[PDB]
């Protein structure tokens, strides 16, 4: 199995114990590390933070401590939108300009591949032709990577993609069988499945449906989403299950109505470290639990929740990560990806469960505890 972990270049700005840099990553924890995010300018890949080059160096330098570790650079993200992707795929000349720039960039900065995070082809402003043009882009990149590998006599750069979990988004976004042929891995974003936008409490990454999930709501779980991708043409072995080390929080409309599907009035408070409205990092959730919140367990969905006063959070813990890991193995998927390494309790000081408790749970369950960890020759 793969254990693929995303690092974010804005974690560096968090106060005190929240500050997370590339050198805070245990090089032995994950099989793959992915750097979020690169941007785009004039159809070429670019940095987005002032110190990205320094951070790339520290990030890829982790490979000097683990000979088997591979790194990728993710381009895009939710906030990036679609406009630059649409313009880039719109002409073969623009795609060539992009692919050329990517080969140069990855080789220059010592990344082992590119993770596409276009959210998403065919939606959020992206026109219908982008569904097919995305397949074309990925194929051209894969083939360019194959050709480059042989011309310079080095291992081939990887091409992967982070992909939608929403059924409507998948249908308008991806030619699954064709896309699957050229991607090395498919990073399925099986989280953000519920949020305050719905006006009631719901889980971030439930494994199964809740009894009340009717109609299209029955699609809002990890099991349905992974199987949808599989049944519609993606090989299980290339499919990578999404694991969140954060939760979504809510303001309860009634403080003593605290179950799944309880009325909410909006997003819950930003955390004191990550400072993200409606989102708490796992370690931020541990503070909530320490401060007296009542622990809940969503039995049908195999995930925890917690509440105190008018604040409710749906999230994942060691227990739920373990349950999902076992399910993943039973279903013979390629492994797990984690958003994000910097949101796990990396210091170990918040949750008292050891350093990186959530990702460590996956490392153990996926048979990677004895994985080789030695500097390269």
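Positions refer to the first chain, counted from 1.
Visitor: Report the stretch with the higher mean CA temperature factor, choosing between 349 to 357 and 6 to 14 on the basis of the entry.
Guide: Of 6 to 14 and 349 to 357, the stretch with the higher C-alpha B-factor average is 349 to 357.
Visitor: Comparing 223 to 231 with 72 to 80, which stretch shows the greater average C-alpha B-factor in the deposited entry?
Guide: If you average the C-alpha B-factors of 223 to 231 and of 72 to 80, the larger mean comes out for 223 to 231.
Visitor: Highest Cα B-factor in the deposition, which of 192, 140, 198, 184?
Guide: Of 192, 140, 198, 184, 198 has the highest C-alpha B-factor.
Visitor: In the PDB entry, which of 293, 170, 88, 136 has its C-alpha at the highest B-factor?
Guide: Of the candidates given, the C-alpha B-factor peaks at 293.
Visitor: In terms of the CA temperature factor given in the entry, to which third of its chain does residue 112 belong: lowest, middle or highest?
Guide: Bottom third by C-alpha B-factor.
Visitor: How does the C-alpha B factor of residue 40 compare with the rest of the chain: lowest, middle or highest third?
Guide: It belongs to the middle third of the chain when residues are ordered by C-alpha B-factor.
Visitor: By the recorded C-alpha temperature factor, relative to the other modelled residues in its chain, which third is residue 261 in?
Guide: Highest third - that is where residue 261 ends up once the chain's C-alpha B-factors are sorted.
Visitor: Using the B-factor values recorded in the entry, state whether the Cα atom of residue 278 falls in the lowest, middle or highest third among the modelled residues of its chain.
Guide: According to the entry, residue 278 has a C-alpha B-factor in the chain's middle third.
Visitor: Compared with the other modelled residues in the chain, in which third is the CA B-factor of residue 122?
Guide: CA B-factor rank for residue 122: middle third.
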